[PDB]
>>> print(open('work-v9.pdb').read())   # PDB, C-alpha atoms
ATOM      1  CA  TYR A   4      -8.209  24.486  33.424  1.00  0.00           C
ATOM      2  CA  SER A   5     -10.139  23.814  30.236  1.00  0.00           C
ATOM      3  CA  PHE A   6      -8.505  23.413  26.832  1.00  0.00           C
ATOM      4  CA  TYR A   7      -9.672  26.905  25.954  1.00  0.00           C
ATOM      5  CA  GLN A   8      -8.063  28.424  29.053  1.00  0.00           C
ATOM      6  CA  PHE A   9      -4.820  26.646  28.212  1.00  0.00           C
ATOM      7  CA  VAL A  10      -5.053  27.920  24.642  1.00  0.00           C
ATOM      8  CA  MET A  11      -5.291  31.379  26.040  1.00  0.00           C
ATOM      9  CA  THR A  12      -1.834  31.067  27.572  1.00  0.00           C
ATOM     10  CA  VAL A  13      -0.541  30.002  24.154  1.00  0.00           C
ATOM     11  CA  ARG A  14      -1.629  33.233  22.458  1.00  0.00           C
ATOM     12  CA  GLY A  15       1.328  35.240  21.215  1.00  0.00           C
ATOM     13  CA  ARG A  16       3.534  32.227  20.491  1.00  0.00           C
ATOM     14  CA  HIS A  17       5.300  32.811  17.162  1.00  0.00           C
ATOM     15  CA  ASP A  18       4.241  29.621  15.379  1.00  0.00           C
ATOM     16  CA  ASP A  19       1.232  27.693  14.072  1.00  0.00           C
ATOM     17  CA  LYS A  20      -0.005  26.868  17.575  1.00  0.00           C
ATOM     18  CA  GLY A  21       0.043  30.550  18.468  1.00  0.00           C
ATOM     19  CA  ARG A  22      -1.765  31.381  15.251  1.00  0.00           C
ATOM     20  CA  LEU A  23      -4.440  28.750  15.918  1.00  0.00           C
ATOM     21  CA  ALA A  24      -4.651  29.998  19.482  1.00  0.00           C
ATOM     22  CA  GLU A  25      -5.600  33.415  18.167  1.00  0.00           C
ATOM     23  CA  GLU A  26      -8.256  31.995  15.841  1.00  0.00           C
ATOM     24  CA  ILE A  27      -9.717  29.975  18.708  1.00  0.00           C
ATOM     25  CA  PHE A  28      -9.828  33.249  20.628  1.00  0.00           C
ATOM     26  CA  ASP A  29     -11.565  35.013  17.738  1.00  0.00           C
ATOM     27  CA  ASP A  30     -14.121  32.206  17.540  1.00  0.00           C
ATOM     28  CA  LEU A  31     -17.013  33.541  19.627  1.00  0.00           C
ATOM     29  CA  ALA A  32     -18.628  30.099  19.474  1.00  0.00           C
ATOM     30  CA  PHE A  33     -15.743  27.950  20.720  1.00  0.00           C
ATOM     31  CA  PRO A  34     -16.563  25.709  23.684  1.00  0.00           C
ATOM     32  CA  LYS A  35     -14.847  27.462  26.568  1.00  0.00           C
ATOM     33  CA  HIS A  36     -15.291  24.994  29.423  1.00  0.00           C
ATOM     34  CA  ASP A  37     -14.696  21.646  27.731  1.00  0.00           C
ATOM     35  CA  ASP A  38     -11.629  19.459  28.179  1.00  0.00           C
ATOM     36  CA  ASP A  39     -12.678  16.197  26.558  1.00  0.00           C
ATOM     37  CA  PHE A  40     -10.952  15.449  23.267  1.00  0.00           C
ATOM     38  CA  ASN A  41     -13.958  14.032  21.410  1.00  0.00           C
ATOM     39  CA  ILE A  42     -16.242  16.893  22.429  1.00  0.00           C
ATOM     40  CA  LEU A  43     -13.641  19.391  21.171  1.00  0.00           C
ATOM     41  CA  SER A  44     -12.798  17.511  17.968  1.00  0.00           C
ATOM     42  CA  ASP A  45     -16.522  17.184  17.260  1.00  0.00           C
ATOM     43  CA  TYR A  46     -16.777  20.965  17.505  1.00  0.00           C
ATOM     44  CA  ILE A  47     -13.810  21.680  15.248  1.00  0.00           C
ATOM     45  CA  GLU A  48     -15.029  19.213  12.612  1.00  0.00           C
ATOM     46  CA  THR A  49     -18.576  20.599  12.397  1.00  0.00           C
ATOM     47  CA  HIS A  50     -18.144  24.256  13.392  1.00  0.00           C
ATOM     48  CA  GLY A  51     -14.424  24.717  12.923  1.00  0.00           C
ATOM     49  CA  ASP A  52     -13.426  27.460  10.525  1.00  0.00           C
ATOM     50  CA  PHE A  53      -9.663  27.614  10.909  1.00  0.00           C
ATOM     51  CA  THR A  54      -6.864  28.274   8.430  1.00  0.00           C
ATOM     52  CA  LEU A  55      -4.489  25.768   9.998  1.00  0.00           C
ATOM     53  CA  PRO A  56      -4.427  22.000   9.434  1.00  0.00           C
ATOM     54  CA  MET A  57      -6.352  19.753  11.833  1.00  0.00           C
ATOM     55  CA  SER A  58      -3.007  18.335  12.943  1.00  0.00           C
ATOM     56  CA  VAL A  59      -2.277  21.660  14.624  1.00  0.00           C
ATOM     57  CA  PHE A  60      -5.312  21.205  16.866  1.00  0.00           C
ATOM     58  CA  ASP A  61      -4.203  17.655  17.648  1.00  0.00           C
ATOM     59  CA  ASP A  62      -0.728  18.915  18.528  1.00  0.00           C
ATOM     60  CA  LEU A  63      -2.251  21.698  20.620  1.00  0.00           C
ATOM     61  CA  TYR A  64      -4.398  19.226  22.553  1.00  0.00           C
ATOM     62  CA  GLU A  65      -1.396  16.955  23.030  1.00  0.00           C
ATOM     63  CA  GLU A  66       0.487  19.884  24.564  1.00  0.00           C
ATOM     64  CA  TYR A  67      -2.550  20.643  26.731  1.00  0.00           C
ATOM     65  CA  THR A  68      -2.396  17.183  28.315  1.00  0.00           C
ATOM     66  CA  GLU A  69       1.362  17.359  28.959  1.00  0.00           C
ATOM     67  CA  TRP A  70       0.762  20.827  30.404  1.00  0.00           C
ATOM     68  CA  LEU A  71      -1.858  19.516  32.822  1.00  0.00           C
ATOM     69  CA  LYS A  72       0.398  16.694  33.958  1.00  0.00           C
ATOM     70  CA  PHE A  73       3.042  19.348  34.598  1.00  0.00           C
ATOM     71  CA  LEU A  74       0.761  21.174  36.917  1.00  0.00           C
ATOM     72  CA  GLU A  75      -0.367  18.708  39.582  1.00  0.00           C
TER      73      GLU A  75
END
>>> encode(input="work-v9.pdb", output="structure tokens")
Amino acid sequence: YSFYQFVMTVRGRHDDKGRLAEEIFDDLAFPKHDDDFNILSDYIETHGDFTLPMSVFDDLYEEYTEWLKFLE
């Protein structure tokens, strides 16, 4: 599962992660198949147009990795 796919399961959550999840969803340009942190952070820095602090993305990616480890 890519970061984007994971984010998709986060949609609806009633906090900042859920809010960012929705913006990532609304971003027609977001990289949908990438999982590498640098690639993703590169995108958010240059293309990112989000209302939440960068730390929210970091936290979201952190959760992503825990989530993967929890599968497998």
>>> residues_around(input="work-v9.pdb", residues="residue 9 of chain A", least_positions_apart="3", cutoff="12 Å", atoms="only C-alpha atoms", output="PyMOL selection string")
chain A and resi 4-6+12-14+20-21+24+27-28+35-38+63-71+74
>>> atom_distance(input="work-v9.pdb", atom1="atom CA of residue 46 of chain A", atom2="atom CA of residue 17 of chain A")
25.1 Å
>>> closest_residue(input="work-v9.pdb", among="A:44, A:49, A:7, A:16", to="residue 29 of chain A", atoms="all atoms listed in the file")
A:7
>>> closest_residue(input="work-v9.pdb", among="A:25, A:75, A:30, A:18", to="residue 51 of chain A", atoms="only C-alpha atoms")
A:30
>>> atom_distance(input="work-v9.pdb", atom1="atom CA of residue 40 of chain A", atom2="atom CA of residue 61 of chain A")
9.1 Å
>>> atom_distance(input="work-v9.pdb", atom1="atom CA of residue 26 of chain A", atom2="atom CA of residue 53 of chain A")
6.7 Å
>>> axis_aligned_box(input="work-v9.pdb", around="segment 57-68 of chain A", padding_each_side="8 Å", output="JSON")
{"center_x": -2.9, "center_y": 19.3, "center_z": 20.1, "size_x": 22.8, "size_y": 20.7, "size_z": 32.5}
>>> closest_residue(input="work-v9.pdb", among="A:47, A:55, A:32, A:42", to="residue 19 of chain A", atoms="all atoms listed in the file")
A:55
